[PDB]
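> Structure incoming, see below.
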Amino acid sequence: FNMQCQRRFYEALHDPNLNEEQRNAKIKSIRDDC
Amino acid sequence: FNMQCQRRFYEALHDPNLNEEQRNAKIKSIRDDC
Amino acid sequence: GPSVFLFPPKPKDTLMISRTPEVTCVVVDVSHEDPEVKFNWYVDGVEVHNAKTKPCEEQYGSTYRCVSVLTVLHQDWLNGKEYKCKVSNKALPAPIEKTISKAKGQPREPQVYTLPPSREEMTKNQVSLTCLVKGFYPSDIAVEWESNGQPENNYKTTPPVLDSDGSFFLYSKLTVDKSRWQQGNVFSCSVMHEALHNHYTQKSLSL
Amino acid sequence: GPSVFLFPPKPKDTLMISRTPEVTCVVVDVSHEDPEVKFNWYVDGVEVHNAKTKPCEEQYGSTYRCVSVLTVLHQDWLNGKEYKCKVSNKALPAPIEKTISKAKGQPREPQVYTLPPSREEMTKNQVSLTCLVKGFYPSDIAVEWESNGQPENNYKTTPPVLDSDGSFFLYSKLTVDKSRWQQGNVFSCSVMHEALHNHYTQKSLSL
């Protein structure tokens, strides 16, 4: 699997500066543009 | 547990020179007398 | 009458962004006279509509099995959201509802340790490469093996065992010919768990 | 109605002449109006009389459960004799029969391998001593730990896992304080199985 995207997923998942809406959008971006 | 008796039990259990009757008796003596 | 089962996603699918986690609703023993089922799906009680429901399939007893599959967002499953399947049928006065979610409780990070074959096992034609995974909570986990950037599929993993401190452990055993092991090939245990950084860690094992 | 379960002896009890193997017949959900059961025991179909039957006891609800325990000969269990429990009660039109015996198949001897703690686990307060037991059939087995001639009870053992060659394996893990491990104490994994010489083997592990 692509370890780059997995790292970006995890960092977004646990980013305390993101609320649920911002976290979903950034995870959706990783899911879609990897 | 007593390892002596356990050895004697196992030897009686697998002795090819004992039929079921003779094996039961040797095993019963082991279990009864030590 | 018809009975309903609701299955959670595979642990690996919830953890790896490359996968698609799904929740699976299975209704069995739908009568032959009323072969039609309707599924409703809900996330924390709010209906969702993206389910893939395939047509019902007839079984031996002439009753019908019917499966609906709901894909879920990784972060919603990991954040404890509650997934509900409702099954409606004419043979039923009231629809059946089952609900599932992730195991509750503070997550705990697995410690991963590789243990090489003992000297006694080296006398055999095949040896056991051991991966000990201990201290994790909840019990959802995936363990895999690779070598030289290729998957090794000849392993068996024990079910998680509840330890005395409220955490789980398991062992994974990869069997390899002693010749492969003695030629110094590097093997790796890969563990996927919610409480690991990146949900992923890989431990190596080599002679 | 009333239902009957028949439990095999403990694997250790059938193997060690110091122990007494027993088969246990449990009937639950006996009506309150007929708090009366009759046990009949049979070995390969021939009635035997040595069972110890305790009086029925009533549970929550009004129903009763009723237990009968039959001691068996080690060699008879190991040699595949078939033990049958017949439960009779006035509520039941027909008595209920249950039968058990040892798993059948060529016995295979377990290979026992102790694995010391990973060098990376020596940074923690406690370490894991591992006993790998593989290649055994049938799955009936007992595993215990010792040190300095005294039992060590702080272990967890996985249930047996069927391996791909028709044999079973398991791991047993003994948790010890690292200090105990580092001060040179000898620890022992003891395994009991019908395919071991003397039904018993013990393997040691130390720094």
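All of this is worked out from the model, or read from it or from the source named; no laboratory instrument gave them. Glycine gets a Cβ as well: all are built from the backbone with ideal geometry, and neighbour counts include every protein chain shown.
> Could you go through the stretch C:73-96 and let me know if any residue there is of a type in the set (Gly, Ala, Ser), in contact with a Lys or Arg (Cβ under 9 Å, 6 or more places away or on another chain) and under 21 Å from C:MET16 (Cα atoms).
yes
> List pairs: first in the stretch A:10-30 and free of Cβ contacts under 8 Å to residues at least 24 places away in the same chain and on the phi < 0 side of the Ramachandran plot, second surrounded by 15 or more Cβ atoms within 10 Å (Cβ to Cβ) and of a type in the set (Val, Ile, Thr), Cβ under 8 Å, 6+ apart or cross-chain?
A:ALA12/A:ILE27; A:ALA12/A:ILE30; A:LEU13/A:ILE27; A:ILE27/C:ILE17
> Looking at the stretch C:117-149 only, could you name the residues that are among the small types (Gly, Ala, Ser) and without any contact (Cβ under 8 Å) to a residue 24 or more places away in the chain?
Of everything in the stretch C:117-149, those that are among the small types (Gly, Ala, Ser) and without any contact (Cβ under 8 Å) to a residue 24 or more places away in the chain turn out to be C:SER118, C:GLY149.
> Applying the selection to the stretch C:41-54, what residues are surrounded by 10 or more Cβ atoms within 10 Å (Cβ to Cβ), in contact with a strand residue (DSSP E or B) (Cβ under 8 Å, 6 or more places away or on another chain) and not aromatic (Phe, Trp, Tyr)?
C:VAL43, C:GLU47, C:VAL48, C:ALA51, C:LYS52, C:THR53 - these are the residues of the stretch C:41-54 that are surrounded by 10 or more Cβ atoms within 10 Å (Cβ to Cβ), in contact with a strand residue (DSSP E or B) (Cβ under 8 Å, 6 or more places away or on another chain) and not aromatic (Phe, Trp, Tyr).
> Inspect the stretch D:129-137 for any residue being among the small types (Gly, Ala, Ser) and buried (at least 21 other Cβ atoms within 10 Å of the Cβ) and give the result as yes or no.
Looking through the stretch D:129-137, none of the residues is among the small types (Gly, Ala, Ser) and buried (at least 21 other Cβ atoms within 10 Å of the Cβ).
> Just to check your reading of the model, which residue among C:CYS131, C:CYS66, C:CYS85, C:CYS25 is out of contact with any helix residue (DSSP H, G or I) (no Cβ under 8 Å at 6 or more places or on another chain), part of a strand (DSSP E or B) and not assigned by CATH to the domain that holds C:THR14?
Of C:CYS131, C:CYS66, C:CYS85, C:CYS25, the one residue that is out of contact with any helix residue (DSSP H, G or I) (no Cβ under 8 Å at 6 or more places or on another chain), part of a strand (DSSP E or B) and not assigned by CATH to the domain that holds C:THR14 is C:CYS131.
> Being surrounded by fewer than 16 Cβ atoms within 10 Å (Cβ to Cβ) and polar (S, T, N, Q) is the filter here; which residues of the stretch D:55-104 pass it?
D:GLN59, D:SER62, D:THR63, D:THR71, D:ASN79, D:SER88, D:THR99
> Also, I was wondering about something else. So C:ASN50 fits all but one of (1) assigned to a loop (DSSP other than H, G, I, E, B); (2) touching a residue at least 40 places away in the same chain (Cβ under 8 Å); what number is the exception?
Looking at each condition in turn, C:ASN50 falls short on (2).
> Could you list all residues from the stretch D:84-114 that are closer than 13 Å to D:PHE168 by Cα and acidic (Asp, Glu)?
D:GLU109
> Determine whether D:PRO107 is more than 30 Å from D:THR175 (Cβ to Cβ) and not assigned by CATH to the domain that holds D:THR14.
Here the answer is yes, as D:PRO107 does meet what is asked.
> Considering only chain B, state which residues are buried (at least 16 other Cβ atoms within 10 Å of the Cβ) and not in a helix (DSSP H, G or I).
B:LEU18
> Restricting to the stretch D:137-162, give me the number of residues that are in contact with a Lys or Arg (Cβ under 6 Å, 6 or more places away or on another chain) and closer than 23 Å to C:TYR155 by Cβ.
3
> Shifting gears a bit: Of the residues D:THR114, D:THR99, which single one is within 14 Å of chain C (Cβ to nearest Cβ) and either free of Cβ contacts under 8 Å to residues at least 40 places away in the same chain or in a strand (DSSP E or B) (or both)?
From the options D:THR114, D:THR99, the qualifying one is D:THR114.
> A further question follows. Out of (1) in contact with a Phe, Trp or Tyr (Cβ under 7 Å, 6 or more places away or on another chain); (2) over 20 Å from C:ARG119 (Cβ atoms); (3) aromatic (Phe, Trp, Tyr), the odd one out for D:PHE187 is which?
Unmet for D:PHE187, out of (1) in contact with a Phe, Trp or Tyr (Cβ under 7 Å, 6 or more places away or on another chain); (2) over 20 Å from C:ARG119 (Cβ atoms); (3) aromatic (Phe, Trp, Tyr): (2).
> Next question. Within the stretch C:69-82, can you find the residues that are assigned to a loop (DSSP other than H, G, I, E, B) and within 14 Å of chain A (Cβ to nearest Cβ)?
Within the stretch C:69-82, C:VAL72, C:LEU73, C:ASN79, C:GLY80, C:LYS81 meet the criteria.
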